[PDB]
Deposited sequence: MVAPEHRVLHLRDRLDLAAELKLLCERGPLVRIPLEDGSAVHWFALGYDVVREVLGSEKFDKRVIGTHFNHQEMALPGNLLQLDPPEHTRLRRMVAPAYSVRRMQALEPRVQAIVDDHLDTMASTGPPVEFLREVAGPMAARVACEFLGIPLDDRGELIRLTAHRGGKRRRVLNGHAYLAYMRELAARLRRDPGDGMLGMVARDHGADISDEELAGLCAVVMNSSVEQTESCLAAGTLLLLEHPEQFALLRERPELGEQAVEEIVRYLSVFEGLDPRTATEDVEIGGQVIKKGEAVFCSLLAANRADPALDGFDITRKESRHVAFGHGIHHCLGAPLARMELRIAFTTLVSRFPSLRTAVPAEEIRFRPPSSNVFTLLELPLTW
């Protein structure tokens, strides 16, 4: 369903805008008759689908996204406390210092920099290691095996999320499951986070009035992050939800066995101007329901710290090429991202 990923730079492509005019829930019978699929394109309908207990994540270790209740509930309940408010507050100054480390490197290497590979990527990966409690001597290689690392950490719990889980649920979670929890954080989550960091920096640079506003008013940081994750929608479309029974959604009956594809991109953008003064953003960039992004507290905190510090430390920041020359990854189910971001200051 490639149409759900068609963009014009950061915006929706005409072809996808045209599809969204067909309504927030679109029936898509397959040309071969093999199945009936649905596109959930609107904010309310996507929330209706994702909140419903009448869908599973069937195909048509430690990876929560591939589990349905009750097994999903069991594992999520064990890892959830690592993202409490009390955990993020204790972590914030250390995240601030990691951000500062990387903007230190940047300000000393001097311009230009390829912001994605040289700053955003390493920063996100280093924050993830800190959150997970990866031993310092393992971080270089991990960022550059998983079962071995997870088994050693399980043998002697340390700090961070992996230590909490092993300490508090040692017997209940296997080596491979603990390794899987680590991999999801270090792989997909870093991809999404680094993309937000780099493309969000571009978005701010393309709205210089708001780049400056966030420097003058750092208290806008939390609002800015919500507007940035809404506007970017780097996680564009979700794994299909298959109805386990007939269910009425947005006025239509989705029959047992039919698959629904939620487009966070369309839900976040099809209604929109980028504005960090918005006090509350209408978006589903982190999903909704039992699979709602477990990392959202961390992502929100890391991005707030990163964007606020960046605009403060680099008021002269600018793209080293015309914005219109930036390359974006072509339509794919993979995370949306630019390919490189040359900056100068």
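Missing from the model, by position in the deposited sequence, are residues 1-5, 66-76, 161-180, 308-310.
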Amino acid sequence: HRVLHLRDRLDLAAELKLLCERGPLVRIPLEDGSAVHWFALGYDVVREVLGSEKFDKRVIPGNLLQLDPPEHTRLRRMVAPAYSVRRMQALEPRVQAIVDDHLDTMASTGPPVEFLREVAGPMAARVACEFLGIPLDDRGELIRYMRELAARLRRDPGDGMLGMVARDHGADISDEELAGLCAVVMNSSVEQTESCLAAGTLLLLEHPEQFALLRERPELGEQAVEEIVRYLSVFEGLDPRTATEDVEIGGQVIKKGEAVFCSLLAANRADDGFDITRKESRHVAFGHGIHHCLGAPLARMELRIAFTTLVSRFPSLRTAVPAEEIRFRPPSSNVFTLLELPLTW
From here on, numbers count along this sequence of modelled residues.
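When 169-177 is weighed against 131-139, 169-177 comes out higher, by mean CA B-factor as recorded in the entry.
The mean Cα B-factor in the deposited entry runs higher for 86-94 than for the other of 122-130 and 86-94. The residue among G221, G200, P240, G273 whose C-alpha atom has the highest B-factor in the PDB entry is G273.
Residue set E302, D56, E31, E48: peak C-alpha B-factor at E31 (per PDB entry). In this PDB entry, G287 carries a Cα temperature factor that places it within the lowest third of its chain's modelled residues. When all modelled residues of the chain are sorted by CA temperature factor, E194 is found within the lowest third. Ranked within its chain, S316 lands in the middle third, by CA B factor from the PDB record. Sorting the modelled residues of the chain by their CA temperature factor places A306 in the lowest third.
Annotation for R22: CA B-factor lies in the highest third of the chain's modelled residues.
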